[PDB]
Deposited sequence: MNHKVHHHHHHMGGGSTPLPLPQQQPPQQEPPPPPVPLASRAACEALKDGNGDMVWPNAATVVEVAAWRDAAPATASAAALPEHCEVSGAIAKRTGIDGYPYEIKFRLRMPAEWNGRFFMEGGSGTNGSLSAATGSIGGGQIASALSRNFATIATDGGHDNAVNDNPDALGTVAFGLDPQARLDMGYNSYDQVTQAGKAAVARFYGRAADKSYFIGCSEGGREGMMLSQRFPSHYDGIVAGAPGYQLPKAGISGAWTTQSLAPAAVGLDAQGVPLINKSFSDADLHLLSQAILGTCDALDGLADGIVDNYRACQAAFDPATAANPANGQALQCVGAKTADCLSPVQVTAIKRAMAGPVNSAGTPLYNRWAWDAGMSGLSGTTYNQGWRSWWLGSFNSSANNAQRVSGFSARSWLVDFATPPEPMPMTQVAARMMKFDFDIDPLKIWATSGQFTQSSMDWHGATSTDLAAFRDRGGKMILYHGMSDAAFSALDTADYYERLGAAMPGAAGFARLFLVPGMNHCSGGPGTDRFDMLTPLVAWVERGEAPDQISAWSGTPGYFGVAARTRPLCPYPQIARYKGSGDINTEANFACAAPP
């Protein structure tokens, strides 16, 4: 009977707890001792851990499906509920201590939140079909698609909040959600489709048009193929051979040559991203090291990009169009984090998406033959298109930009919703969310090759147009030099949760968000802190003091 006790915890297992979904099966209800801090994680307080599943069933593919959850409820509780977002194609159940992203030591459980996580409705250990491209195989089941898109996060939010009410005898005062990439998509989905589920939302590098990522992948694959060298085991050009690491570093150094000082300070960071896009063209830019053109006049040298390379990358970066010339996704910003050198190690965080590792005999780019290309085929194309894994790269090379893009909007047979219907989160109708007090912090690294930061910026402009005064409840924080969710030559680490709570609960909007670099070696310094600035502002050096110190910077126009 006593609230927030071992006894209250074990009583959750099964029968006096009423779950919102009748098909909820608790498998674990265990009391956990406080855990000390480690070098990489903050101390976790004493808490109840509950795990189990919702809606166990058999899919039309004959496979088992269920929505797994793990919930942790501290004995000493700050009254707040927290859910972390997913990543990739989901399918795994995390420790559910409430990750807050941004490379942070603290978890939400370490801050005395009750924390929940889900696997999204499928299980990479079970829903792994060798004939349906592996752990993307859940896409063969219509309901599993719906669970991946929106239904799992809905079910698990409701289950968590009911358990919180039972365990503590009181409903959560506020609820918070934090996710990056696929978890960023989840957060935008929540603000649009379930506006009262969460009071504060952080959505980092959000895949809010994830079904179009494969379209961009086909495009970047085909755009880069002319500059490839060699073929793989099934005759596909080695896209990874199109640019060596030194070649990409050359390109980022040219970008810096053109763009670094456009914010007023030569420091290896392009804060003025808009001015950079208007000024930089690989075909007209100079290599700063030797005042010559970046594009070769003669044969290929180490200080030089070949004409086909420059053409390939310009076309990749422009984004896909169909035969009518219609943009299918968006363009991508030139930025210094496409490469970067720290010590003797070249940044791999940009090139792994479209190119893959140079020192390989096979293709391995996420968008050529990796999980992104596989996920489009099975998860987002309706009629799913399962095939052997060795055919995926060829399928991207043969992708038809008039025919195939239609498949993310199509229904067929028992696939009664399109992948844009269930996975997309493109709505700018956030009024219900704003008007109950909701706040949303978006962020995106500029050298993200999974999702275009410019496309997030375009969503935010549309939001601002649809909802005048939107900066009162939603702000976007672009991070120069940052790659996908983390890494790269930028200030990629930050505590988003503290400003989010301040906004929701005190009405204190973030006019800036402190950040620091996880690899300050990209700049040859020991540390670098900078403000992140709300769109469309950028960080501006005040003219004196340490260039690596955030206090000497302010947020302003470019």
query	finding
Missing C-alpha runs, given along the deposited sequence, first residue counted as 1	1-35, 50-51, 596
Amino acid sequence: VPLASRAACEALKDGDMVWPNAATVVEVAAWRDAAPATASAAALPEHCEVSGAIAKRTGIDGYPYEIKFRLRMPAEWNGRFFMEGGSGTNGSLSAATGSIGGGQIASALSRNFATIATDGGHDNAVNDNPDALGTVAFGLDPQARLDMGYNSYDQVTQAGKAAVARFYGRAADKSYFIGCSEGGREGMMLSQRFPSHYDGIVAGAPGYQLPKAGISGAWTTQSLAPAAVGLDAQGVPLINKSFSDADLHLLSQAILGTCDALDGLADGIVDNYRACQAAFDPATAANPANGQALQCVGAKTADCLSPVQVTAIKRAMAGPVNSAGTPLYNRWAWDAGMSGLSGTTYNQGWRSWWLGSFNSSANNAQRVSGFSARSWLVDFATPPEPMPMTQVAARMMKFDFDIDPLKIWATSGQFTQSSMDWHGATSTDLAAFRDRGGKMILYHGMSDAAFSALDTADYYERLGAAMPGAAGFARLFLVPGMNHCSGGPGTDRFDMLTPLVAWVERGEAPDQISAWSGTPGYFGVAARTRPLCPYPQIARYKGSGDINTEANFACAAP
From here on, numbers count along this sequence of modelled residues.
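Each form is matched to the other, and the largest set of C-alpha atoms that superpose within 1.5 Å is called the rigid core.
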{"query": "Greater root mean square CA deviation, 526-534 compared with 35-43 in 7 other deposited structures of this protein, core aligned", "finding": "35-43"}
{"query": "Unmodelled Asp14 in at least one third of other entries with both flanks present", "finding": "yes"}
{"query": "Residue stretch of maximal mean CA temperature factor, 185-193 vs 237-245", "finding": "237-245"}
{"query": "Between the two ranges 262-270 and 358-366, the one averaging a larger CA B factor in the entry", "finding": "358-366"}
{"query": "Peak C-alpha temperature factor (PDB record), options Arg462, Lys398, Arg434, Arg475", "finding": "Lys398"}
{"query": "Residue, from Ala95, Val479, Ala312, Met73, that the PDB entry assigns the highest Cα B-factor", "finding": "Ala312"}
{"query": "Cα B factor band for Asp119 (lowest, middle or highest third within the chain)", "finding": "lowest"}
{"query": "Lowest, middle or highest third - CA B-factor, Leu224", "finding": "highest"}
{"query": "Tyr346 by Cα B-factor - lowest, middle or highest third of the modelled chain", "finding": "highest"}
{"query": "Chain-relative CA temperature factor third for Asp421", "finding": "lowest"}
{"query": "For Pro36, the third of its chain into which the C-alpha B factor falls", "finding": "middle"}
